[PDB]
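In what follows, a single structure is set out as structure tokens and then discussed.
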Amino acid sequence: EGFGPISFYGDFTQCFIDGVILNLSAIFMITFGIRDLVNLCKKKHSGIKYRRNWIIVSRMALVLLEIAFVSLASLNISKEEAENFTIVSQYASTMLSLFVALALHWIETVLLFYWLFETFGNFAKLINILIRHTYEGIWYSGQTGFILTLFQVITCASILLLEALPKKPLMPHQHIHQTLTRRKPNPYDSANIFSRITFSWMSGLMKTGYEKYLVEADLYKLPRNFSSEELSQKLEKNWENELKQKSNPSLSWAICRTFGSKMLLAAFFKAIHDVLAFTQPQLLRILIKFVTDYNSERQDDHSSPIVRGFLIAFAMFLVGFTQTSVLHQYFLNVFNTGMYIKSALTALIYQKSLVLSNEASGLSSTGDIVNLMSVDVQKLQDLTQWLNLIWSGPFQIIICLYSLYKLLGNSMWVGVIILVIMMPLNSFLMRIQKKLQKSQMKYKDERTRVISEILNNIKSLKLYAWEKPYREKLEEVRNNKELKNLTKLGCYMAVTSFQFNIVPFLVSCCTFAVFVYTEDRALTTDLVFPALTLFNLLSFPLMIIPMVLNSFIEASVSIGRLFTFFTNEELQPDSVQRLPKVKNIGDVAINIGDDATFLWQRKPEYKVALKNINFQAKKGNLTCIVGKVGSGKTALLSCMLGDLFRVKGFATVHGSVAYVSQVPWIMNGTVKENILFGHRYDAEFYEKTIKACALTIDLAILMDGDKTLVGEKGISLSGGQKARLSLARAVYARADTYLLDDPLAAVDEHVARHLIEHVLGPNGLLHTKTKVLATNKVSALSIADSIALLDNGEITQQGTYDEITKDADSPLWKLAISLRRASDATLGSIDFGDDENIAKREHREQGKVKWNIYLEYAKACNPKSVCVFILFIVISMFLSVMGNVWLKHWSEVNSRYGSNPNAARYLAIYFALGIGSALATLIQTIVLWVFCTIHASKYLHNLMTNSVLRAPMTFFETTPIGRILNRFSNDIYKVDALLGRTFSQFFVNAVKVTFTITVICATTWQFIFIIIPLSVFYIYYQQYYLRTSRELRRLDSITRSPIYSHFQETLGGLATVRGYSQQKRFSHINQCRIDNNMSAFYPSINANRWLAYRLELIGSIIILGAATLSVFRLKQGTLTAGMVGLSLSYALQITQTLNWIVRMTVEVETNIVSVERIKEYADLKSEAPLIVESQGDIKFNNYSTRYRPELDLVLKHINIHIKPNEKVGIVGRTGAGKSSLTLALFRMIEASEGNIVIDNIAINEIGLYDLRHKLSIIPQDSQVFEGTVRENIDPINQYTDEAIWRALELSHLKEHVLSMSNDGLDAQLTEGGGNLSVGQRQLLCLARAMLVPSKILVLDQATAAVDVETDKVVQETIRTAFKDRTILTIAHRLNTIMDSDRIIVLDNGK
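So the sequence shown is residues 17 to 124, 133 to 328, 341 to 851, 901 to 1258, 1268 to 1484, counted in PDB author numbering.
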């Protein structure tokens, strides 16, 4: 009898079956008895005490196990024919089944895997018996018991399916658990290993995303060991372990000690994946050896076992499947580790920032502290993906080189040498790519600046009618940007794809060249195709290894930054105790120790300290602190807050604390939220407080209700509104102790006077509590119960007003109701941001993924270029495939003619094929980028600019400026390169898979039957993942911003937050937001794993199909080894390419919607400004012309006549058609009920551009464009520089141009007009208007925005300058009104 790892026939030997089944039974018994049975039976007393209904599944499984045991016992009778170790196998299996009975009974993991290994072992034994039957008698070759063994196999399979698939339903009120129906619990907690490996649990979420777009109810709660709290505590213990042995590497070592446990498991799976992947080419070589030896044996027998091939194909499937499962488990583990790192650090940094000292917060810049959570933690999350990669890279290349030496012949490092030569060239080309991309980002920023300057001041450009020269300037900037885009992208896409194609081909070519030249012993197909597969596998990790080290260095820098931030000094908790509450009036509430000395001077012992002062306040009083700013007033109040490092003095504060700062801080939410501030709502007390402090005007003035959003991003608020809001918050959150830091400074004197008595008065709203006020309000000093005078960092006088009046008054004077504290909110959940806009935009239409938008984009691009593009692509792939098949033919010729090569001839042909394919890829990626790609971008930009420039005032006033501004920058930036790259990669991979299937179907007529339903499964999975992953990634993108916004807000307001003592509320808010963001993140990662698993399984299935069909054709008749070798070598590359195709499909689907939005914004319309078919001695006339939007009425039946040489004033009440008459005169509104006539010509007949050129206007502002003053004032070179200088001197702005512009008339104007006052900008606009030769002169809102001298200058200038030109003005001052020849009173409507 034979013995070995595998017999002659390619199956496991019977002794090997005994060994593996004994090992399976041993590990099952050991693991179950040690781990599972004892834990389950001791979780509660002698078995788990949870209810479980007895169901047909359980008793059926038990009966099937008993039948299996009986069948095993029956088989044991015949097994005693020969005395070997198989009796020990029988006994071990019997013991294992007997234990498994109790194992199944007790639970109602190890059970599932034991049953799986049992079924696989019995299947292997059955295969061995059948193979021996093929070698021997028909049925009972080994023994007659195989008939019962078949029943044992199918019984074990049925037991495994019935244990795995159905669940464990529970009868007694299973529905009672799901009270909180807001979000379902995740299925991951209830998921066996068999379901968790394949990620079948995500299939329900995938289907839900397919049928319906995602909402917050669809997502599941995160499982345990993901919440912020446990992660933060687990990191805090490791940080204390840092504090034992403190040093700079302590942070990294604490991180690795905490969460690095699963990284070892990840490394183990990565090693298994790598060794299996490099084992796969060895199995391919063994199959090649088998088929060629089979053909030689058949030839020799004609001169004078295919089941092995089938088993080899089954082995290929097995290694593919275990590679798939192992790799995806590795990715799951490392991404879970990255999630844990993000969850721990983003909360611990928040805690550290909350406890942080005000000194270090003041010195340190807040933006960097925001960047700590923004970029540095994300860098570590990125690092956690690739750490096992840098661990495995040397191992991977070493195993690859070892296999290379063992296969193709030793010492041939020529492929290694050429790729090592090519690698640093790529390392330099990526560097210059990054430099060029940064330059393009700078160009994008300048483009955004220019288009923002165009967009905000568009009304000035349209009224002035100077639009097309600045359009030409923008087109020049776009031309320079397009030149930069060409100079980057043409050379980069030339070199990149060319090098990536050249590398493996030149490696293969030079290796085979050296082999056929120097070594002899011709290839004969045994070495060539495994060598090609190994060269393909070698290129992947060594490309990744240099780049990832740069990210490692960046992560080291981030670790250092986090370490110094965590090892900041912080503040001492023990400076002033929050002693229990004091109840009476006059009862000591605040107490500062005798000769107490406080400071801001802990680190170097600065002289930022006060010395030897005592101060007291009893309960129920108004203490007042008086002093100038910089007199230590805020220092004393900070001493009261306990936010200072004190040197000497014992201090105690009684009861709760409420504080208001001189700079108010406001929550980023509703005003109702701000006043509430986490306390329980109380209607009557809220109304009494908002009556006392605020009035109704404070709500009404905002043009919104109580639920208005605060101006952190909503509507801005005045300083008086902020002070009133802070005082409102204080009184509503009325504490035992009250502290006020000059809240009355912003508010007006008389209104504030109302506030002194109304709120804190002796009969004030909250007079029953202690209250310190730091102020300079003389009335409040007079009413104040106690006085303190702080000057030069010392309370110079501390005495009651009676004592102050007795002494010389020069030093300062000449200069029961308890309310039940304030209740709290119960720290509930938190809703996501509003999703209704994008939700209704998505729900308004469905079924968008078809070819309509793609064909529209193709019509926008050049349609003829796409034909030559696809032609070059397909002939390139065809050339590569023909090179490979001719190489197969050459190897077969070498196989026939033993060691008689014409390698020079074929190597010349092969090098020609390679250079042709490389030339095709080079020319197509060069020329078509410079053809279809950049030209379409120019077309889209031209259409967008042409549409947006001519758009109406309705468009500009209705749409947000920032919304369209960001879309113009972001979408045009995105469409420039990313869409082209995604399209190129998608088409290349599409032709790759198409030609792979073409060659596979060429080698076998009967392959279409297997390829078609797998293609159905592929498109099904791709459609589901494409529909779901976009919405999951959208939720992930939306959830990021609240974290950074809330963190920056908390950094802004830490002082008040800490004083208010709401630390737990803010920590819980940040923690819940982090849990929300992670709930967005996790299903996207798991969906990626699920899709990649199913595609890789499809890859393994097609590998198995190609192998078994090739072996079947070999059985049927002649089939050369080269054909099957080429087929398998091409088939092995399908796996990565399918996943890349699906990812590029997702990328292009995400990218196309922005181009659709750009095209839709290119659809708007306005009438022509052309000169289609005019000043001085002209009668003006209006007749019955309304000009407004259809949605509203202002003007009505207006008609007038004006003779030449008149000065006219328009006057009316608020809303009495002030600017509407001016806009109607300008014909800004296209609607024309009647006729408006200038120079006996209707305005509508001529046009817009020339008419607005023929009239000069000052439209109630002075928004001006940036750049040179000459370019702004006189952009078209009308007449000399002395003319504009004379006009400027007339405008009396000679002081500005004397101050600036020393070198000449080249002064640079800052963008936005902030460099100079509004009056000087009005003078500039006046200078322009006077410079303009046209007669018609208009001024709007003349009187409101003048400082007397400006009104004088403009009035005298328009009086004296335009002698006979007709001038109209809208103003409010009576003298300039009455100076006009005819005063028209603008009516309410008519």
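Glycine included, every Cβ here is placed at the ideal spot set by N, Cα and C.
Bounding residues of the beta strand (DSSP E) (the contiguous stretch that carries residue i)
i: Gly-835; result: 831-835
i: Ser-822; result: 822-826
i: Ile-1464; result: 1461-1464
Distance CB(residue i)-CB(residue j) smaller than 8 Å
i: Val-689; j: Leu-775; result: no
i: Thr-773; j: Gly-691; result: yes
i: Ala-117; j: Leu-81; result: yes
i: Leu-680; j: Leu-809; result: no
i: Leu-1317; j: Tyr-1281; result: yes
i: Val-767; j: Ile-702; result: no
i: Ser-361; j: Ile-221; result: yes
i: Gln-365; j: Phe-283; result: no
i: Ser-1356; j: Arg-1415; result: yes
i: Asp-556; j: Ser-980; result: no
i: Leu-416; j: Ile-377; result: yes
i: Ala-84; j: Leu-136; result: no
i: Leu-491; j: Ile-1046; result: yes
i: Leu-307; j: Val-355; result: yes
i: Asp-916; j: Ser-252; result: no
i: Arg-207; j: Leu-255; result: no
Residue i: first and last residue of the uninterrupted alpha helix (DSSP H) it sits in
i: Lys-1200; result: 1148-1201
i: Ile-153; result: 134-159
i: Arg-1112; result: 1093-1123
i: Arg-906; result: Taken as a continuous stretch (DSSP letters only), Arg-906 belongs to no alpha helix (DSSP H), as it is neither H nor E.
i: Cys-1419; result: 1412-1425
i: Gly-429; result: 413-444
Own chain residues within Cβ distance below 7 Å of residue i, not counting five before or after
i: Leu-525; result: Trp-1014, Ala-1062
i: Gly-1361; result: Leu-1403
i: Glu-977; result: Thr-561, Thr-1205, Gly-1207
i: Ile-1477; result: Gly-1303, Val-1305, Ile-1471
i: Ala-1005; result: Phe-957, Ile-960, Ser-961, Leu-964
i: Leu-1034; result: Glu-503, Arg-507
i: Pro-1127; result: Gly-918, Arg-1158
i: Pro-196; result: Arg-67
Cβ shell of residue i (< 6 Å), same chain only, five flanking positions each side left out
i: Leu-497; result: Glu-503
i: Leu-472; result: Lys-524
i: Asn-1275; result: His-1295, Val-1331
Beta-bridge partners of residue i, as assigned by DSSP
i: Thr-1362; result: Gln-1402
i: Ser-1350; result: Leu-1431
i: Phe-1274; result: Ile-1296, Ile-1332
i: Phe-681; result: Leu-635
i: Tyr-774; result: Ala-694, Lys-807
i: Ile-1304; result: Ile-1464, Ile-1478
Interface flag, residue i vs chain C, CB-CB below 8 Å
i: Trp-427; result: The structure shown has no chain C; it contains just one protein chain.
Spatial neighbours of residue i in its chain, beta-carbon cut-off 8 Å, leaving aside the 5 residues before and after
i: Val-531; result: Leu-465
i: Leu-542; result: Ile-454, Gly-999
i: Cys-180; result: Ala-84, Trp-139, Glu-142, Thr-143, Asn-146
query = Mind pulling the alpha helix (DSSP H) runs of 4 or more residues that sit fully within the segment 478-508?
reply = Runs found: 494-500.
key: Runs of alpha helix (DSSP H) lying entirely within the segment 984-1019, each at least 4 residues, in chain order   = Within the segment 984-1019, the runs of alpha helix (DSSP H) at least 4 residues long that lie entirely inside it are, in chain order, 988-1013.
ask   = Hey, which unbroken runs of the beta strand (DSSP E) at 3 residues or more fall wholly within the segment 606-662?
value = Considered as a whole, the segment 606-662 harbours 613-615, 624-628, 633-635, 652-654, 658-662 as its complete beta strand (DSSP E) runs of no fewer than 3 residues, in chain order.
request  = With a floor of 4 residues, list each alpha helix (DSSP H) that falls wholly inside the segment 523-609, ordered by position along the chain.
outcome  = Complete alpha helix (DSSP H) runs here, min 4: 564-602.
key: Runs of beta strand (DSSP E) lying entirely within the segment 175-249, each at least 3 residues, in chain order   = Here no run is fully enclosed.
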